[PDB]
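> The data below comprise the sequence and an experimental structure of the protein.
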Amino acid sequence: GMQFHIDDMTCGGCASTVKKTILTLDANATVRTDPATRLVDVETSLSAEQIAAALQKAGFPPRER
Ligand SMILES: [Au+]
């Protein structure tokens, strides 16, 4: 259970693209996004660095929280 803040997750369709990116990397992951807090909560067997790397490549660099 890992959490990221994504400051760029504000535009139309951005939270969808975040979730879709993570589910494409790990189809068994659980992903919650909150537009009020720009927080993304992830349950996955991948590492936090693997998730962050994927988010970065997608244009949504996170900060782990
Ligand atoms: Au999910």
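Everything's here; your move. Numbers count the residues shown, from 1 in each chain.

> Can you spell out which residues form a bridge with the residue in the chain positioned nearest to the ion?
Residue nearest to the ion within the chain: residue 31 (4.1 Å; Cβ to the ion). (Each C-beta comes from the backbone N, C-alpha and C, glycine too.) On the basis of DSSP bridges, residue 31 is bridged to residue 42.

> what number of residues lie near it?
18 (other Cβ atoms under 10 Å).

> What helices and strands are in contact with the longest helix anywhere in the chain?
Secondary structure of the chain per DSSP state H: the longest helix is helix 14-25. For helix 14-25, the packing partners by 3 or more Cβ pairs under 8 Å, 6 or more residues apart in numbering; DSSP states H and E come out as strand 30-34, strand 39-43, helix 48-57.

> Just name the most buried of these.
strand 39-43 (a mean of 18; mean count of other Cβ atoms under 10 Å).

> got the contact list for stretch 57-65?
Residues outside stretch 57-65 that contact it (Cβ atoms under 8 Å, 6 or more residues apart in numbering) are 2-9, 14, 17-18, 21, 39-40, 48, 52, 55-56.

> Between the two ends of it, how far is it?
End-to-end distance for stretch 57-65: 19 Å, by Cα to Cα, to the nearest Å.

> Return the residues of the chain in contact with the ion.
For the chain, the residues in contact with the ion (Cβ under 5 Å from the ion) are 30-31.

> Tell me the residue in the chain that is farthest from the middle.
Each residue of the chain has a distance to the centre, and by Cα atoms, centre = their mean the biggest one is for residue 12: 15.6 Å.

> Give me the distance between that residue and residue 35.
11 Å (Cβ to Cβ, to the nearest Å).

> Equivalent analysis for residue 29, please.
For residue 29 relative to residue 35 (Cβ to Cβ), the value is 19 Å.

> So for the two, which residue has more residues nearby?
Using other Cβ under 10 Å, the more surrounded residue of residue 29 and residue 35 is residue 29, with 16 against 10.

> for the more buried one, what are its contacts?
For residue 29, the contacting residues are 22-23, 42-44, 46, by Cβ under 8 Å, 6+ apart.

> Fine by me, thanks again.
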